[PDB]
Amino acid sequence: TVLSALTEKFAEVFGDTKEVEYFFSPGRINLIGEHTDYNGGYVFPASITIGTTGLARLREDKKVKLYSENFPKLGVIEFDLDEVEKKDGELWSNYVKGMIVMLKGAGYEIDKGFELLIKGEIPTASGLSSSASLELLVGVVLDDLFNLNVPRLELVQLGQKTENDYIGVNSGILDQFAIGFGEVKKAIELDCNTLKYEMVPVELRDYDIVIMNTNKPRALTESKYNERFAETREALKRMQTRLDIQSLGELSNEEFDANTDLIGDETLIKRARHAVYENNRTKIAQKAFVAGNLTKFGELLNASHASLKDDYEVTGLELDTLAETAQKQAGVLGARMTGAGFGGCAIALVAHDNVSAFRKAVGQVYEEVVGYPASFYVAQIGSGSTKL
């Protein structure tokens, strides 16, 4: 269907539809381990079904044409294979340029032009990783048309590199890895420090993963994020004077706790603390998950939420409203914000049968409180990016 839609939307915009190829790159959620990725910690994310889809083909020439069903008002975008280096304001093609730029930089050669049509179910500021989906979409597309044999990991590090180096957004490999390594009904246990990971099948029993979007209108600016990154780095530096660690992730909670003096600043102390605690927490939480102790698991979820609420300070009235109200509900294991923070989505582990009611009970409070409405969706675990 959708394709048919896309498909027919391609000849229009682009004329024909010959030798065209279909791709898809999902979005993701992090079950646990937030703001650890860039602090040498573990993460427990999963790819969802909502993602980004692309129809594209090779060109005759070295020109690049792009259409985005989500922003039709730009009409078509083009550039030739030689402006990849110069961004264009905050346009979407930027992600396409960067990837090309990164791709080439790794020795890969994108010698021709091509066409690209995309549609993405991932909400602009959902916190569900729209950038990474796209980067990865491009990744696999380029990887396919130009028949490169880009290893997933590189592909992934390249997408992170674009975000970071080109787009200019600070981050860890969190989104790229999940999206890149996604597997149907599987979550990824990843050690960010070593890039060693484990695929974990999602085994929730009668529980569903309910995604709650604050729908909070906010400035897609990203400084608070950038400060965090800043902050912990500093803390880490201070720690490094007397400590032989490459990241905050190396520290036991006790070890951290004993050395807070190295830091001194109260706020710095909180951030890094959140960085330490969170990492260890993930470790244990994932085992719980693995052990089928959904309960302990859910309690840990709640715990991640408060650390983020209190020590790292990235939640907010909205995020807190959702999670906490959600926790209050019956047939709810625990709940927390997922992703960056500062709005976006939260998730909950809720009894399949209590879901419909949960949405209502929880939304109500929210609207009341936040004044506005939240959005509910049940997560659906799918595969990472691919040529399908």
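Each residue number is its position in the shown sequence, starting from 1.
Exercise. Identify the stretch, either 146-154 or 265-273, whose C-alpha atoms have the larger mean B-factor according to the entry.
Key: It is 146-154 that shows the higher mean C-alpha B-factor.
Quiz item: Taking the recorded C-alpha temperature factors, which stretch has the higher mean, 217-225 or 286-294?
Solution: Between 286-294 and 217-225, it is 217-225 that shows the higher mean C-alpha B-factor.
Quiz prompt | Per the PDB entry, maximal CA B factor within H35, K62, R359, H352 | solution = Max CA B-factor in the entry, restricted to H35, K62, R359, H352: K62.
Quiz item: Which one of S25, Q380, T17, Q364 shows the biggest C-alpha B-factor in the PDB entry?
Solution: The C-alpha B-factor peaks, among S25, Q380, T17, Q364, at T17.
Quiz item: Taking the entry's C-alpha B-factors for this chain, is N30 in the lowest, middle or highest third?
Solution: Ranked within chain, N30 CA B lands in the lowest tercile.
Quiz prompt | Modelled-residue ranking by C-alpha temperature factor, third containing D311 | solution = Within its chain, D311 is a lowest-third residue by C-alpha B-factor, going by the deposited values.
Practice problem: Compare the C-alpha B factor of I167 with those of the other modelled residues in its chain, then answer lowest, middle or highest third. | Solution: According to the entry, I167 has a C-alpha B-factor in the chain's lowest third.
Quiz item: What third of the chain, by the recorded C-alpha B-factor, contains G339?
Solution: It falls in the middle third of the chain.
Quiz prompt | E121 - Cα temperature factor, lowest/middle/highest third of chain | solution = As the PDB entry reports it, the C-alpha B-factor of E121 lands in the middle third of its chain.
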